[PDB]
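Listing of coords_0.pdb; format and content: PDB, C-alpha atoms.
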```pdb
ATOM      1  CA  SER A  56       0.189  29.071   6.598  1.00  0.00           C
ATOM      2  CA  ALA A  57       1.156  28.060   3.068  1.00  0.00           C
ATOM      3  CA  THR A  58       4.823  28.200   4.052  1.00  0.00           C
ATOM      4  CA  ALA A  59       4.130  25.991   7.076  1.00  0.00           C
ATOM      5  CA  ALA A  60       2.140  23.509   4.981  1.00  0.00           C
ATOM      6  CA  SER A  61       4.967  23.292   2.432  1.00  0.00           C
ATOM      7  CA  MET A  62       7.413  21.553   4.837  1.00  0.00           C
ATOM      8  CA  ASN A  63       5.877  18.102   4.268  1.00  0.00           C
ATOM      9  CA  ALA A  64       7.658  17.799   0.916  1.00  0.00           C
ATOM     10  CA  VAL A  65      10.989  18.569   2.590  1.00  0.00           C
ATOM     11  CA  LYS A  66      10.256  15.906   5.198  1.00  0.00           C
ATOM     12  CA  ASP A  67       9.473  13.370   2.473  1.00  0.00           C
ATOM     13  CA  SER A  68      12.703  14.193   0.638  1.00  0.00           C
ATOM     14  CA  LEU A  69      14.713  13.689   3.820  1.00  0.00           C
ATOM     15  CA  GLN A  70      12.919  10.359   4.341  1.00  0.00           C
ATOM     16  CA  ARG A  71      13.845   9.174   0.854  1.00  0.00           C
ATOM     17  CA  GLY A  72      17.448  10.268   1.337  1.00  0.00           C
ATOM     18  CA  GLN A  73      17.682   8.365   4.613  1.00  0.00           C
ATOM     19  CA  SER A  74      16.322   5.248   2.896  1.00  0.00           C
ATOM     20  CA  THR A  75      18.811   5.465   0.029  1.00  0.00           C
ATOM     21  CA  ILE A  76      21.589   5.945   2.587  1.00  0.00           C
ATOM     22  CA  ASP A  77      20.430   2.840   4.468  1.00  0.00           C
ATOM     23  CA  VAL A  78      20.487   0.682   1.337  1.00  0.00           C
ATOM     24  CA  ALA A  79      23.936   2.056   0.514  1.00  0.00           C
ATOM     25  CA  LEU A  80      25.317   1.174   3.958  1.00  0.00           C
ATOM     26  CA  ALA A  81      23.921  -2.369   3.710  1.00  0.00           C
ATOM     27  CA  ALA A  82      25.685  -2.879   0.396  1.00  0.00           C
ATOM     28  CA  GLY A  83      28.717  -1.222   1.959  1.00  0.00           C
ATOM     29  CA  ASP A  84      29.267  -3.484   4.941  1.00  0.00           C
ATOM     30  CA  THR A  85      28.638  -6.494   2.696  1.00  0.00           C
ATOM     31  CA  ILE A  86      31.404  -5.201   0.401  1.00  0.00           C
ATOM     32  CA  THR A  87      33.718  -4.643   3.381  1.00  0.00           C
ATOM     33  CA  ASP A  88      33.261  -8.249   4.504  1.00  0.00           C
ATOM     34  CA  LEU A  89      33.996  -9.430   0.965  1.00  0.00           C
ATOM     35  CA  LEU A  90      37.117  -7.243   0.780  1.00  0.00           C
ATOM     36  CA  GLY A  91      38.428  -8.669   4.039  1.00  0.00           C
ATOM     37  CA  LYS A  92      37.964 -12.182   2.700  1.00  0.00           C
ATOM     38  CA  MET A  93      39.802 -11.076  -0.451  1.00  0.00           C
ATOM     39  CA  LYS A  94      42.788  -9.818   1.515  1.00  0.00           C
ATOM     40  CA  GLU A  95      42.855 -13.082   3.450  1.00  0.00           C
ATOM     41  CA  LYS A  96      42.799 -15.193   0.274  1.00  0.00           C
ATOM     42  CA  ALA A  97      45.508 -13.054  -1.337  1.00  0.00           C
ATOM     43  CA  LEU A  98      47.831 -13.299   1.664  1.00  0.00           C
ATOM     44  CA  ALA A  99      47.125 -17.041   1.794  1.00  0.00           C
ATOM     45  CA  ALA A 100      48.152 -17.348  -1.859  1.00  0.00           C
ATOM     46  CA  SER A 101      51.184 -15.057  -1.502  1.00  0.00           C
ATOM     47  CA  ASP A 102      53.624 -17.683  -0.190  1.00  0.00           C
ATOM     48  CA  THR A 103      55.869 -19.618  -2.585  1.00  0.00           C
ATOM     49  CA  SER A 104      55.645 -22.982  -0.777  1.00  0.00           C
ATOM     50  CA  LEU A 105      52.173 -23.751  -2.158  1.00  0.00           C
ATOM     51  CA  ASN A 106      51.483 -26.336  -4.849  1.00  0.00           C
ATOM     52  CA  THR A 107      49.851 -25.364  -8.141  1.00  0.00           C
ATOM     53  CA  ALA A 108      46.485 -26.852  -7.140  1.00  0.00           C
ATOM     54  CA  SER A 109      45.990 -24.819  -3.961  1.00  0.00           C
ATOM     55  CA  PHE A 110      47.242 -21.744  -5.823  1.00  0.00           C
TER      56      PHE A 110
ATOM     57  CA  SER B  56     -38.289  65.067   1.192  1.00  0.00           C
ATOM     58  CA  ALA B  57     -37.273  64.006  -2.311  1.00  0.00           C
ATOM     59  CA  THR B  58     -33.603  64.063  -1.314  1.00  0.00           C
ATOM     60  CA  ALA B  59     -34.401  61.975   1.775  1.00  0.00           C
ATOM     61  CA  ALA B  60     -36.325  59.487  -0.376  1.00  0.00           C
ATOM     62  CA  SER B  61     -33.368  59.219  -2.768  1.00  0.00           C
ATOM     63  CA  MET B  62     -31.175  57.315  -0.273  1.00  0.00           C
ATOM     64  CA  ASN B  63     -32.748  53.937  -1.093  1.00  0.00           C
ATOM     65  CA  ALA B  64     -30.988  53.695  -4.462  1.00  0.00           C
ATOM     66  CA  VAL B  65     -27.614  54.324  -2.824  1.00  0.00           C
ATOM     67  CA  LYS B  66     -28.421  51.659  -0.243  1.00  0.00           C
ATOM     68  CA  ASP B  67     -29.251  49.114  -2.944  1.00  0.00           C
ATOM     69  CA  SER B  68     -26.059  49.972  -4.833  1.00  0.00           C
ATOM     70  CA  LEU B  69     -23.924  49.352  -1.758  1.00  0.00           C
ATOM     71  CA  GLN B  70     -25.841  46.097  -1.240  1.00  0.00           C
ATOM     72  CA  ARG B  71     -24.896  44.882  -4.721  1.00  0.00           C
ATOM     73  CA  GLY B  72     -21.309  45.961  -4.116  1.00  0.00           C
ATOM     74  CA  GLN B  73     -21.112  43.954  -0.907  1.00  0.00           C
ATOM     75  CA  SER B  74     -22.545  40.912  -2.687  1.00  0.00           C
ATOM     76  CA  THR B  75     -19.965  41.175  -5.469  1.00  0.00           C
ATOM     77  CA  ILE B  76     -17.123  41.524  -2.973  1.00  0.00           C
ATOM     78  CA  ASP B  77     -18.467  38.478  -1.103  1.00  0.00           C
ATOM     79  CA  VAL B  78     -18.459  36.212  -4.151  1.00  0.00           C
ATOM     80  CA  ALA B  79     -15.017  37.564  -5.070  1.00  0.00           C
ATOM     81  CA  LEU B  80     -13.574  36.682  -1.651  1.00  0.00           C
ATOM     82  CA  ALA B  81     -15.086  33.196  -1.854  1.00  0.00           C
ATOM     83  CA  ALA B  82     -13.321  32.648  -5.173  1.00  0.00           C
ATOM     84  CA  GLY B  83     -10.194  34.124  -3.604  1.00  0.00           C
ATOM     85  CA  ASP B  84     -10.272  31.668  -0.711  1.00  0.00           C
ATOM     86  CA  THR B  85     -10.449  28.805  -3.190  1.00  0.00           C
ATOM     87  CA  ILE B  86      -7.674  30.252  -5.373  1.00  0.00           C
ATOM     88  CA  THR B  87      -5.365  30.773  -2.388  1.00  0.00           C
ATOM     89  CA  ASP B  88      -5.769  27.201  -1.174  1.00  0.00           C
ATOM     90  CA  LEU B  89      -5.140  26.043  -4.742  1.00  0.00           C
ATOM     91  CA  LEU B  90      -1.975  28.155  -5.017  1.00  0.00           C
ATOM     92  CA  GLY B  91      -0.665  26.696  -1.770  1.00  0.00           C
ATOM     93  CA  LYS B  92      -1.246  23.210  -3.127  1.00  0.00           C
ATOM     94  CA  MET B  93       0.666  24.244  -6.254  1.00  0.00           C
ATOM     95  CA  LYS B  94       3.561  25.388  -4.081  1.00  0.00           C
ATOM     96  CA  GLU B  95       3.647  21.995  -2.395  1.00  0.00           C
ATOM     97  CA  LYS B  96       3.528  20.185  -5.750  1.00  0.00           C
ATOM     98  CA  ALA B  97       6.328  22.191  -7.376  1.00  0.00           C
ATOM     99  CA  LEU B  98       8.451  21.979  -4.226  1.00  0.00           C
ATOM    100  CA  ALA B  99       8.078  18.194  -4.075  1.00  0.00           C
ATOM    101  CA  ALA B 100       8.816  18.016  -7.806  1.00  0.00           C
ATOM    102  CA  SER B 101      12.097  19.932  -7.456  1.00  0.00           C
ATOM    103  CA  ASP B 102      13.864  16.763  -6.242  1.00  0.00           C
ATOM    104  CA  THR B 103      16.571  15.205  -8.404  1.00  0.00           C
ATOM    105  CA  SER B 104      16.099  11.870  -6.585  1.00  0.00           C
ATOM    106  CA  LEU B 105      12.619  11.316  -8.043  1.00  0.00           C
ATOM    107  CA  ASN B 106      11.841   8.666 -10.626  1.00  0.00           C
ATOM    108  CA  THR B 107      10.219   9.838 -13.853  1.00  0.00           C
ATOM    109  CA  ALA B 108       6.820   8.423 -12.869  1.00  0.00           C
ATOM    110  CA  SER B 109       6.402  10.530  -9.726  1.00  0.00           C
ATOM    111  CA  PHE B 110       7.694  13.553 -11.648  1.00  0.00           C
TER     112      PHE B 110
END
```
Would you mind writing the structure in this file as structure tokens?
Amino acid sequence: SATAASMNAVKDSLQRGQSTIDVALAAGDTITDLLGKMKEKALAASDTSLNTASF
Amino acid sequence: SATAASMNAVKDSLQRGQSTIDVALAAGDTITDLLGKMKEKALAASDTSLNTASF
């Protein structure tokens, strides 16, 4: 009975790990969107025909 | 007849022994529930993800 009652702490630890994972994935897809915009801006700046101002 | 009369003291002694075992098992029930709560507390406190306050 004590061993069965002890599982609630394991459940709470798995809850907290799922929450930390969720916050990490939210930051992660935000960072992926930002990285895609970075690659677009870098390729847009790569060409030599641009003026100094747009560069 | 004297030996037959003597049984009452043995009966009273076994009565006191049963009473002492009863109070001991009541304390044991409390101590076992308390030890199970201690297991849950230490098991929840094993986490490395906890903040210092909950620890």
Discussion item. Neighbouring residues of range 71-82 of chain A were defined as those with any atom within 12 Å, considering all atoms listed in the file; residues of the same chain fewer than 4 positions away were excluded. Please report them as a list in words.
Written reply: residues 64, 65, 66, 67, 86, 87, 88 and 89 of chain A; 99, 102, 103, 104, 105 and 106 of chain B
I'd like the residues picked by the PyMOL selection byres ((chain A and resi 62) around 12) written out as a short mmCIF file (atom, residue, chain, number, x, y, z; two decimals) with C-alpha atoms, in the coordinates of the input, using the chain letters and numbers from the file.
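New file selection.cif:
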```cif
data_model
loop_
_atom_site.label_atom_id
_atom_site.label_comp_id
_atom_site.auth_asym_id
_atom_site.auth_seq_id
_atom_site.Cartn_x
_atom_site.Cartn_y
_atom_site.Cartn_z
CA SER A 56 0.19 29.07 6.60
CA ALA A 57 1.16 28.06 3.07
CA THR A 58 4.82 28.20 4.05
CA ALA A 59 4.13 25.99 7.08
CA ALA A 60 2.14 23.51 4.98
CA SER A 61 4.97 23.29 2.43
CA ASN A 63 5.88 18.10 4.27
CA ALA A 64 7.66 17.80 0.92
CA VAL A 65 10.99 18.57 2.59
CA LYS A 66 10.26 15.91 5.20
CA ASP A 67 9.47 13.37 2.47
CA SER A 68 12.70 14.19 0.64
CA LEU A 69 14.71 13.69 3.82
CA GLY B 91 -0.66 26.70 -1.77
CA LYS B 92 -1.25 23.21 -3.13
CA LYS B 94 3.56 25.39 -4.08
CA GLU B 95 3.65 22.00 -2.40
CA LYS B 96 3.53 20.18 -5.75
CA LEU B 98 8.45 21.98 -4.23
CA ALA B 99 8.08 18.19 -4.08
#
```
Please enclose the listed atoms of range 65-78 of chain B in an axis-aligned box, pad each side by 8 Å, and write out the centre and the three edge lengths in Å, rounded to one decimal, as JSON.
```
{"center_x": -23.2, "center_y": 45.3, "center_z": -2.9, "size_x": 28.1, "size_y": 34.1, "size_z": 21.2}
```
Discussion item. Can you measure CA of residue 83 in chain A to CA of residue 70 in chain A for me? One decimal in Å is fine.
Written reply: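 CA of residue 83 in chain A sits 19.7 Å away from CA of residue 70 in chain A.
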